[PDB]
Structures are given as structure tokens and as C-alpha cells.
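Below you'll find the structure, written out as C-alpha cells, and then a few comments.
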Amino acid sequence: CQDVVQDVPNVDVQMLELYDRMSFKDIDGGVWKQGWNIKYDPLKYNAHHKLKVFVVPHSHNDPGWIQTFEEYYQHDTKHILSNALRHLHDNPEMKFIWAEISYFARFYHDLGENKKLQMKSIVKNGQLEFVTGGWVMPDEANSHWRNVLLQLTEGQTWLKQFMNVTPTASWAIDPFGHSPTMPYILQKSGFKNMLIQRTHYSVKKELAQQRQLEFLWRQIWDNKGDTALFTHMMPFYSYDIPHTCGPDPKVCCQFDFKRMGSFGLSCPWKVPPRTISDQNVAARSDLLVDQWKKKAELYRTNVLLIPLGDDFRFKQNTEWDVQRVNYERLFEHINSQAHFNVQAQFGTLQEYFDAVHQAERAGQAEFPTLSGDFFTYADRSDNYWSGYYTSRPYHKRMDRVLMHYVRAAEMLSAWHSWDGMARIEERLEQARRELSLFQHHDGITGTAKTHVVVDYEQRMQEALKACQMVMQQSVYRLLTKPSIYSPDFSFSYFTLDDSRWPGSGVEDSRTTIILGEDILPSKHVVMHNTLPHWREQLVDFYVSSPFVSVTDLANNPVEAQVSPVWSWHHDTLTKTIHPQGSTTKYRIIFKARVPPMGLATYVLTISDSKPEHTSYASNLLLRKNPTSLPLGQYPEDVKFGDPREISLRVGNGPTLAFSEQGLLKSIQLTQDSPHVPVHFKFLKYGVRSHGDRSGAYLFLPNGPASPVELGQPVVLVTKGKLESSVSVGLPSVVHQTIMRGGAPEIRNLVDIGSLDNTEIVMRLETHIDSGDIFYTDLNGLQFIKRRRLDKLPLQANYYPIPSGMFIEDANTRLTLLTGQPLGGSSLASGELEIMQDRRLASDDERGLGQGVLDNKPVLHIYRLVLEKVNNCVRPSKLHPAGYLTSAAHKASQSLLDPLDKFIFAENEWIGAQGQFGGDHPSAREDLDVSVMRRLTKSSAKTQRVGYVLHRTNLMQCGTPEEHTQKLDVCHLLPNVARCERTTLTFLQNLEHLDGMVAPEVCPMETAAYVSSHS
Ligand SMILES: *[C@H]1O[C@H](CO)[C@@H](O)[C@H](O)[C@H]1NC(C)=O
Ligand SMILES: OC[C@H]1CN[C@@H](O)[C@@H](O)[C@@H]1O
Ligand SMILES: [Zn+2]
């Protein structure tokens, strides 16, 4: 295993280092506005060294954006695909590439057999080529790597099954900025090449000058280079035709033959395309070839890629004809005029890369190595696309909840083979596809129109329901004596209970367990732990009485705590935001201990008075002018007081001190240690009154944020033996700090209401001497070093915070982990900030045609980990990566993959069992079974189960951390006959494993294994 901490990789281009050096000046470079006047030597190409040009026809299809997926399919895409099938069938030399398998599958299943056969034929013969082959072209900023893998697998599995092909070249022309998580996953999924387009215009200029637009992209910690994937970065401002034939859009636009009038399109540079004729072909070719030779100067080989396409192009048969015929006339003339020394033809993306590597193998070019990312993107001037790291935060949070529910549903149902009547495969397929669709670069990004966001939400809601059905059926089967197990595959044996989604104050969705001497004395509940190690976590349930005790299934008492159910209200009468306690229901909380990838059953039993092992939280409402807060049967009366500073300590955990406004002010790790200044503060950014306006994509603040005026907020303190918390009703946010004995959990119920042109940010102020350095993660997979650059505007220093960020000095680190992707930064030494929501009244000129005014209450969650790190073995100053501590990684896991909770839905569960998985190996804490998925239906003689195993890398800070068992996923199910290491999508076997043992993987590595069983 490579050491991913101590050796700084030697690469030709390291993006953080490049950023430190680059000046980013936005100077007018001429017709190539963001470049320079490219010059070339006409003698470079000649009879024995021609410029091979591949014109690659494409059609960018967004699976939802201005219309919903189905609306675009009906109005545009089904015509594009039907006409592509006809045109390619009839014109054997025409080519076309396709990326979005969600649309292709939607089309294909509506085709009759004759057409399906014609389609397989043009794919088999190389005319129609799939690029990437993912369900969508995903966002790369907010997406979790697990969902990027999920959607890639969904599309490639469909392609293998129905088209018998697996793309090895990736095409990503629209994500707003690019992540190295893509080559990481692609290279482990059989890919050999990838192409990207949206990178900062300054970076395109810089790499173009050095002919470094094509590079071997390796991971920031990869010293050896085995993660390397050849990447082609396009050079220009757009993937449209005006910005893909060469440097001058006024000339290239003339070669987009769909812009002549009858299609309602034109060239904004005021020179329209002209039909190619025998009389003008030489002059048109003179112009086109000159553009091509200028573009070729920016690369190292004599093979040139010329994309030919735009949004939803190649729709009408007349469009196919006008593009094809005019280009064929140009090719016939150009390839017969020896003086151009050009051979041009339509080609596919793989054809291009194959020729490039033939040139490379012939010793004609060597490519530079590069590590780093391409965030934050700006397409022009100071227009940085950091707004979408936060836009539509409700759905960004929903993405993470469904991410976890899909994993749990697939894992819980994988243990058994199911009868087709159970509809398990059907429900899981729907769930995987709706989540996969939302990874689209206008889905999770929050950049779609309002009715499209609603469509994604409805689809994810149906996916969550499908997951719940599968999980509850699976739990009943896993924990019921087999000879008693009697399933009704449509029956609800259990109801899932989720404390954080949609969340208290967002939707009243949780069921109350109704107990009573006259109706039901007790209730079984079950917890599932999807992680491959024993895990304890506090869980809560709503109950109809505060006098409830908990036992495990051996009837052993389990210590519990009961707290009231508090809900906050913006009281339009008193004009205060204050809490009301329920008089009909209460929260029971206790520590559940669950086996690795297993289940554990507990029982809640009512009693007539306080039970021996249940304690009751005290509650204190701090506010001027209080009124009573009756709590029905709750045994402790609420206390009141004027606002004041308070301190709390749960267990042996940290002691936290709060200001009289209910916000954290300091953390003291142990009773003897210092009260470290750590202060939460809420601020707001506005929008510019002159010039460019922030919108769904762009963050264009009118200067640094201003503090939210807090008034004298109402603060509620609940103190319990197992859990305490401080909650405060601030304008737009009910802010809560919860303590369970370790790093606190922060929950913000964010309701931006009608505050137009406002972005609400949550900032942490410390005295940590971080200077201009901070760390943020990429897709929940790795942490990358960031350096705040004052030569760049505020919005450029904002980065995606898909799951965590931290600052540190030589001795102290503060890590903030998130349960949802949001945008954030460290704008000054000692600070961290992360945006909660943004409401924008204007459109930002990127095509959406609306601002963001559809905000709704969202419950954001976090873990805040303050740690001493002077004893940790950290990377050197020049290393571009950072790594979490064990506590911060576990904290992240508690937000993203919490225990699942199930309430038995009927009165009596006959045949109930206490635990499942007690014999599963408890793997080392840095290892995770990211995916467990049965790959065969029940009629398959040989069953197959796939596993994706990921090992992160955690800092060695002196904790002995020991004794764990090796996890061999191939032996998790009985009767194993074979164990194979496969690509991450499970589509190709890479290694037959001895003894049918799946070895564990190295730090920062991810492997896939498939076990076969008789
Ligand atoms: C398609 O995949 C390869 C062709 O390169 C080969 O296995 C066979 O011809 C096809 N597979 C099928 C249809 O089973
Ligand atoms: O300007 C951004 C838009 C451009 N390309 C389209 O296909 C959209 O997905 C993008 O959101
Ligand atoms: Zn797009």
C-alpha cells in the first residue's frame, strides 16, 4: 500500500500550486476573448505529417432543467433519438455520440423490435457511440462519490445488458467545474480516457500556453500514478459550435448550419452560416482549416477533436441533413487539397482518443501529469459559479437522505433471494433511478426551474417510499423465526422512524408509538446498522406517555431518558419565535448497540409511574416575559429565567459554553483544559444593486456579510443525563446545539421566508492560526487543501462543502461535518463559514430564466469537532491533501449513515428475534462496505452479490486503536463458490480470488468484489 500522507507526489501541474502563481487577469485576448491571437507555422503539417481532424456530432440533453425529464423526452429527445437512428442507418459514414442513458433507456424501451435491431446495429458498427454511459452527466461539486458510482453503474449496467457495450471514454461538457473524483471512479471502472470542459477561463489560458490541456490526471495523494486517467480539457468558453471549431466564434458560428433562419437560430457575431457550394467551398475551407490549425497549436499531437453540437441538437431530419451535407462538402474539398495537409472526417470520441494514443505510442508526444481539482469555476470576468453549491438546499439534504436509504434498502434485502412477487428488484430499480437522475448537473445543483425541482422532489419521495417498503419487508424476514415468517409482500410490518428528515418543524411525519394500560402495553422497535462495525448510537422515538422503559430482547433494562417534544413557532401575535411543548407526546431516548451490517430489537413498555431506568430531562426557557409551558404528563416542570450565559457537559464529553443568545462561545475538551473560543454567528450576504446579479448559479455578493440582528431571542435549554441541548429561535433559523457526550451535533431549521436577495451564512469564529489555509472535501471521498487568495473576489474563495471542512494550526483543529452539500469558505484566519440558504429575485443570465424564490424550510445537520492535533502525523506543508481524525470520520458517518429505526406496526410480532448479524466481522474503523447489492434474481442457479469496499485514510494521533477482524465480503453469504474482484460497476471480472477470499483494500482505495453462490 502507498503511503498517502508522507510522500508529496511529483507532478507537472499541481492545481493548488498553479493557483498560487497565476495572476487571473481578465484581459481582452481578441476574437479569442479569454486567450490570445494563436499563430501557427503553415509548414508544420505536410505530405508526411497531416493534421487528422475528427468532427464529433453530439446533442447535449439535460435530464430535466427548463422542462422536466418527461417533457424534454416528449418534446425533444425522443425525436432526436428517432431521427439519429434513421439518419445513421441511412448514412453509413455519419457518426454521433450519446451520454445520457436515462433518456436512451426511456427511448429504447418504447421501440419496436425491428428498430431495436437497427439500433444495436449502428452501435455495433461504431456509428452511434456511448460516451461515459452514466444514467446522467452528473454534477461534480455537490454529488457524493457513492451516488456518482450509483448512476454510472445504473447506466452502464443497462448498456451492457441491452447494447452489449461498456464505454471506456467519458464526456463531461457541462458540470460547472470538475472534480478528480471522476477520474478516480472512472479509472476503477475500466475507463481509459475522459474529457472535461467547464474550467476557469484563466486555467484554460494558462494550460493552453503550455500545451497542458491534455494530461494524465492522478489523485492528489498518488505518488506512483496508478490512479492516472488521460484527460482532454477543451480550450474554449463553451461546448457549442461557435466555441469548438477554433478561437474565433464569429468564424465558427458560420459552420453551425442550423443557424440560417428557418430554425429560428442565428449568429450573434452577425455573420451567418452560408450553404457550402462549389463556388464558395475553397474560401469556406480556407476559413475553417485556419481555425482548425489554430486550435491544433494548443495540443501536442496531429490528431484534432472538433465537437459538433449544442443543447438538444439533431432533432429535425432537416437539421441532420443541413449539418451532414455541408460538412461532407467541406471534407471532400479539404481532403483533396494537398496544400492543407488535412484529413478530416466525422468520428466518435473513442476514435479521437485511440488516434491520440497511437501518436503517443509512436513517440510523437508525451503528456504532462496533473493533480488537483477545477473548482471554483468562472466562465467570464468575476462570475464565479459558487451559488449552486447551496441553491435549493432542501433537495441537496434530501439527496443525502435518499443516498443512505438506497444503500440500506439494497443491503438489507441482499441477504436473501426474493420471489418476484415481493417486487424487491422493481422497487430498488425505481429508487436507484430516481436518485441517479437527481445527480444530473441541474438536479442536485439546484439550477432547474421551479416545476422541475418539484418533479425531482416527487421522484425522490417515491424512491424513499420504495426504499422503506424494501427495508421493512427485509427486517421482518431477517428477524422472524423462519417457520413462522408469513409475508404479505404488500403489508406494512414496520414503519420507518427518521428523526432528521424532513425533520422537526419541516413536516410532522413521525408516528407516535401509542401505549396504554387499556390499549397496548409495549412495542418492539428495531435498529439497523449499515456500517461494517459494531456501533452504538442514541436513538429516539415519540411515545404517548412519559412513563416508558426500554429493554433489549433478553429483557435486560436499557438506560433511557425522556424529554418533551418541543416545536418552534413564529408567533405572528407576539412577534417572537418561541417553543411550545407537546402535552400528548414525548421523546424517549436510549443507546442502541447494533451488530456490523446488522439489526437489534428493543421493547418500549409503559408503566403507571416513573420507571427505574428512565430519567427525565429538566428544561429551562430563557427569555424576558415568560409564560407557563405545560407539558401534560411530563414529570418535571419547566423553569424560566432571564437570558444569561450557560454551560453544559454531557457524560465525560466536552463542556460547552453559550452566550445569552444561545450560541456557542467556547469548548472545553476536558475538565482541566482551556475553554477554547469557538463562536457561532449568523450573517447575511446581499446582492449587487449595479451590475451582475447572483442567481441559482452565480454568487455575486455586495461585499462581506453583515451580522443578522438577533434581538433578544428565546433560548431553550434541555439538560438530560444522555442528551442535553440549547436551542434558540433566531430570525430565519432555529439553531440547536445537541450534546450526547462527544462532539456536538448542530441542527439548523432554516426558513428564509420572504427575505429576497439574501443569503444566510453560518460562521464559526476561532482564534486558530490557520492563516489562508483551509480544507474542504470532494464528493465525500477526499479532503483537499484550499488556499484563500485575496487576488480573487470573495465568491471565488467559496468551495463545495459536500460533507466537511476544517481549519487547523500546529496544535488545534476544528472540523465541521455536514449532512448535506452546501457552499462555504474560510474568509479569514480562524474562521469557517457555510451557507444555509439563499433567496434571489433575479435571473443570472445562464439560461434558467428565473431567480430562486421557491425556498422551503429545511433542517440542516452537522457535527462540530474541536481537537488537539499536535500529536498527529500530518502531511508536510507541500502536500495538497488533508485527512480526518477517527472522531471526525465517525462524526461524518453519524450524519450520513445513521442507524435506521423501525417501529413494529401491529400489536404483536409473533416469532420476533433479538438480533441479526452478531456474527458479522467488525471491520477496522476506516473500512466501509459502501455498497452491498445482490446482482441476480431468484431464478438464477448461481446467485451473485456485489460489494464495493472503500477504505478512507485516518490520521495517526497516538490512539492505539486495535483488535478488529478482517472483513472478507465473499464469505458474508454461505455456499460461496467463487469470489472475483471486479470493476466498481461489477461489469467486468478483473481477478479470480484464491480461497474465494476478498482481500481488504488500501487506504484511499476502493475495490469491488462479487461472490457467487450455489
Ligand atoms: C457482444 O459483445 C462481444 C462482441 O465484441 C461478444 O461477447 C459478443 O459478440 C456479443 N455478446 C453477446 C451479444 O452476448
Ligand atoms: O448555463 C448553464 C446551463 C447551460 N447548459 C444546459 O444544458 C444546463 O444544464 C446548464 O444549467
Ligand atoms: Zn446541461
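Within each chain, counting starts at residue 1; across the C-alpha cells, chains are named A, B, ... in the order shown, with ligands numbered 1 upward in that order.
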
Against ligand 2, which residues of chain A fall within 10 Å? For each one I want the closest pair of atoms and the distance in Å (one decimal), counting only C-alpha atoms and all ligand atoms, rows by chain and increasing residue number, as a Markdown table.
| residue | atom | partner | partner_atom_place_in_ligand_line | distance |
| --- | --- | --- | --- | --- |
| A:59 | CA | ligand 2 | 7 (O) | 9.9 |
| A:60 | CA | ligand 2 | 7 (O) | 6.4 |
| A:61 | CA | ligand 2 | 7 (O) | 6.7 |
| A:62 | CA | ligand 2 | 7 (O) | 5.4 |
| A:63 | CA | ligand 2 | 9 (O) | 8.5 |
| A:64 | CA | ligand 2 | 9 (O) | 8.2 |
| A:65 | CA | ligand 2 | 9 (O) | 6.2 |
| A:66 | CA | ligand 2 | 8 (C) | 8.4 |
| A:137 | CA | ligand 2 | 9 (O) | 9.5 |
| A:139 | CA | ligand 2 | 9 (O) | 9.5 |
| A:173 | CA | ligand 2 | 5 (N) | 8.8 |
| A:174 | CA | ligand 2 | 5 (N) | 6.0 |
| A:175 | CA | ligand 2 | 9 (O) | 7.7 |
| A:176 | CA | ligand 2 | 2 (C) | 7.8 |
| A:238 | CA | ligand 2 | 4 (C) | 9.1 |
| A:239 | CA | ligand 2 | 5 (N) | 9.1 |
| A:240 | CA | ligand 2 | 5 (N) | 9.6 |
| A:310 | CA | ligand 2 | 7 (O) | 8.4 |
| A:311 | CA | ligand 2 | 7 (O) | 5.9 |
| A:312 | CA | ligand 2 | 7 (O) | 8.5 |
| A:379 | CA | ligand 2 | 1 (O) | 9.5 |
| A:385 | CA | ligand 2 | 2 (C) | 9.7 |
| A:440 | CA | ligand 2 | 9 (O) | 8.3 |
| A:441 | CA | ligand 2 | 9 (O) | 6.0 |
| A:442 | CA | ligand 2 | 9 (O) | 5.4 |
| A:443 | CA | ligand 2 | 9 (O) | 9.0 |
| A:445 | CA | ligand 2 | 11 (O) | 8.8 |
| A:446 | CA | ligand 2 | 11 (O) | 9.4 |
| A:447 | CA | ligand 2 | 11 (O) | 6.1 |
| A:448 | CA | ligand 2 | 11 (O) | 7.3 |
| A:696 | CA | ligand 2 | 11 (O) | 9.4 |
| A:697 | CA | ligand 2 | 2 (C) | 7.7 |
| A:844 | CA | ligand 2 | 1 (O) | 9.1 |
| A:845 | CA | ligand 2 | 1 (O) | 7.5 |
| A:846 | CA | ligand 2 | 1 (O) | 3.8 |
| A:847 | CA | ligand 2 | 1 (O) | 5.3 |
| A:848 | CA | ligand 2 | 11 (O) | 7.0 |

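Neighbouring residues of residue A:233 at 9 Å or closer, counting only C-alpha atoms and skipping chain neighbours under 6 positions away, are residues 194, 195, 196, 197, 198, 199, 204, 212, 213, 214 and 215 of chain A.
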
Rank nothing, just name the residue among A:136, A:47, A:606, A:864 nearest to ligand 3, using only C-alpha atoms and all ligand atoms.
A:136

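Near ligand 1, at a distance of at most 9 Å and with only C-alpha atoms and all ligand atoms counted, sit the residues residues 124, 160, 161, 162, 163, 164 and 165 of chain A.
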
Quick one: everything within 12 Å of residue A:254, counting only C-alpha atoms, minus sequence neighbours fewer than 5 positions away in the same chain. Send it as a ChimeraX atom specification.
/A:241-246,248-249,259-260,265-276,284-285,287-288,291,323,326-327

Just write the chosen residues, N, CA, C and O atoms, as a compact mmCIF listing (two decimals), in the first residue's frame.
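Output file out-v3.txt follows:
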# COMPACT_ATOMS: atom_id res chain seq x y z
N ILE A 241 -21.12 25.06 -31.01
CA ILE A 241 -20.30 25.06 -32.22
C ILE A 241 -19.42 26.33 -32.34
O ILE A 241 -18.21 26.21 -32.64
N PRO A 242 -19.98 27.51 -32.05
CA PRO A 242 -19.13 28.73 -32.15
C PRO A 242 -17.83 28.64 -31.33
O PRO A 242 -16.83 29.29 -31.67
N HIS A 243 -17.81 27.85 -30.26
CA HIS A 243 -16.62 27.74 -29.40
C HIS A 243 -15.91 26.39 -29.39
O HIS A 243 -15.15 26.06 -28.46
N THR A 244 -16.12 25.63 -30.46
CA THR A 244 -15.47 24.36 -30.60
C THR A 244 -14.72 24.14 -31.91
O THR A 244 -14.00 23.15 -32.00
N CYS A 245 -14.85 25.03 -32.91
CA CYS A 245 -14.06 24.76 -34.14
C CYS A 245 -12.67 25.40 -34.11
O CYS A 245 -11.78 25.03 -34.87
N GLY A 246 -12.51 26.38 -33.23
CA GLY A 246 -11.27 27.14 -33.14
C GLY A 246 -11.49 28.37 -32.27
O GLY A 246 -12.58 28.51 -31.70
N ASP A 248 -12.00 31.69 -32.85
CA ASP A 248 -12.85 32.81 -33.26
C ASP A 248 -14.28 32.41 -33.45
O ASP A 248 -14.64 31.84 -34.50
N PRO A 249 -15.12 32.74 -32.46
CA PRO A 249 -16.53 32.34 -32.61
C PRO A 249 -17.27 32.95 -33.75
O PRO A 249 -18.24 32.39 -34.24
N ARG A 259 -27.91 27.48 -38.09
CA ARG A 259 -28.22 28.87 -37.80
C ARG A 259 -28.54 29.74 -39.03
O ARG A 259 -28.07 30.86 -39.09
N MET A 260 -29.37 29.27 -39.97
CA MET A 260 -29.60 30.10 -41.15
C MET A 260 -30.90 30.88 -41.29
O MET A 260 -31.02 31.75 -42.22
N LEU A 265 -32.63 30.26 -35.47
CA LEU A 265 -31.38 30.46 -34.75
C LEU A 265 -30.52 31.34 -35.67
O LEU A 265 -30.72 31.34 -36.88
N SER A 266 -29.57 32.09 -35.08
CA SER A 266 -28.69 32.95 -35.87
C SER A 266 -27.37 33.08 -35.12
O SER A 266 -27.24 32.55 -34.01
N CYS A 267 -26.40 33.78 -35.73
CA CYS A 267 -25.08 34.03 -35.16
C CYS A 267 -25.04 35.42 -34.55
O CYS A 267 -25.22 36.43 -35.25
N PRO A 268 -24.77 35.49 -33.25
CA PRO A 268 -24.76 36.84 -32.68
C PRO A 268 -23.61 37.72 -33.11
O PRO A 268 -23.63 38.93 -32.85
N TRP A 269 -22.60 37.11 -33.75
CA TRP A 269 -21.44 37.87 -34.24
C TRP A 269 -21.78 38.47 -35.59
O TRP A 269 -20.89 39.00 -36.27
N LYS A 270 -23.05 38.34 -35.98
CA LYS A 270 -23.61 38.94 -37.20
C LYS A 270 -23.21 38.42 -38.59
O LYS A 270 -23.53 39.06 -39.60
N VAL A 271 -22.48 37.31 -38.66
CA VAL A 271 -22.14 36.72 -39.94
C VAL A 271 -22.81 35.33 -39.86
O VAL A 271 -22.45 34.50 -39.01
N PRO A 272 -23.79 35.08 -40.71
CA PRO A 272 -24.50 33.82 -40.72
C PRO A 272 -23.79 32.73 -41.47
O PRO A 272 -22.87 32.98 -42.24
N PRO A 273 -24.19 31.47 -41.22
CA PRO A 273 -23.53 30.42 -41.99
C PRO A 273 -24.13 30.54 -43.43
O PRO A 273 -25.23 31.10 -43.64
N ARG A 274 -23.39 30.03 -44.41
CA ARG A 274 -23.82 30.03 -45.82
C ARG A 274 -23.70 28.60 -46.30
O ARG A 274 -22.72 27.93 -46.00
N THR A 275 -24.68 28.14 -47.06
CA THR A 275 -24.64 26.79 -47.61
C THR A 275 -23.37 26.63 -48.40
O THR A 275 -22.98 27.54 -49.13
N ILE A 276 -22.71 25.49 -48.27
CA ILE A 276 -21.47 25.27 -48.98
C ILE A 276 -21.79 24.87 -50.41
O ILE A 276 -22.62 24.01 -50.64
N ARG A 284 -14.53 28.94 -47.86
CA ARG A 284 -15.08 28.47 -46.58
C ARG A 284 -14.05 27.53 -45.92
O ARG A 284 -13.82 27.60 -44.69
N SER A 285 -13.42 26.68 -46.73
CA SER A 285 -12.41 25.72 -46.20
C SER A 285 -11.20 26.48 -45.72
O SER A 285 -10.58 26.13 -44.70
N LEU A 287 -11.17 29.34 -44.42
CA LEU A 287 -11.52 29.86 -43.09
C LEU A 287 -11.54 28.78 -42.02
O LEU A 287 -11.01 28.98 -40.94
N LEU A 288 -12.18 27.66 -42.33
CA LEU A 288 -12.34 26.57 -41.36
C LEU A 288 -11.02 25.92 -41.02
O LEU A 288 -10.68 25.76 -39.84
N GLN A 291 -9.03 27.96 -38.64
CA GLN A 291 -9.50 27.78 -37.24
C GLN A 291 -8.97 26.48 -36.67
O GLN A 291 -8.51 26.41 -35.51
N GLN A 323 -26.47 19.80 -41.50
CA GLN A 323 -25.14 19.68 -40.90
C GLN A 323 -24.30 18.65 -41.68
O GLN A 323 -23.13 18.92 -42.01
N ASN A 326 -23.42 19.79 -45.62
CA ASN A 326 -22.44 20.87 -45.68
C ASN A 326 -21.06 20.41 -45.21
O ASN A 326 -20.03 20.75 -45.83
N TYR A 327 -20.99 19.62 -44.13
CA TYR A 327 -19.67 19.15 -43.70
C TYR A 327 -19.06 18.18 -44.71
O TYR A 327 -17.84 18.20 -44.97

Please identify all polymer residues within 7 Å of residue A:954, counting only C-alpha atoms, omitting same-chain residues fewer than 4 positions from it, and present them as an MDAnalysis selection string.
chainID A and resid 883:886 926
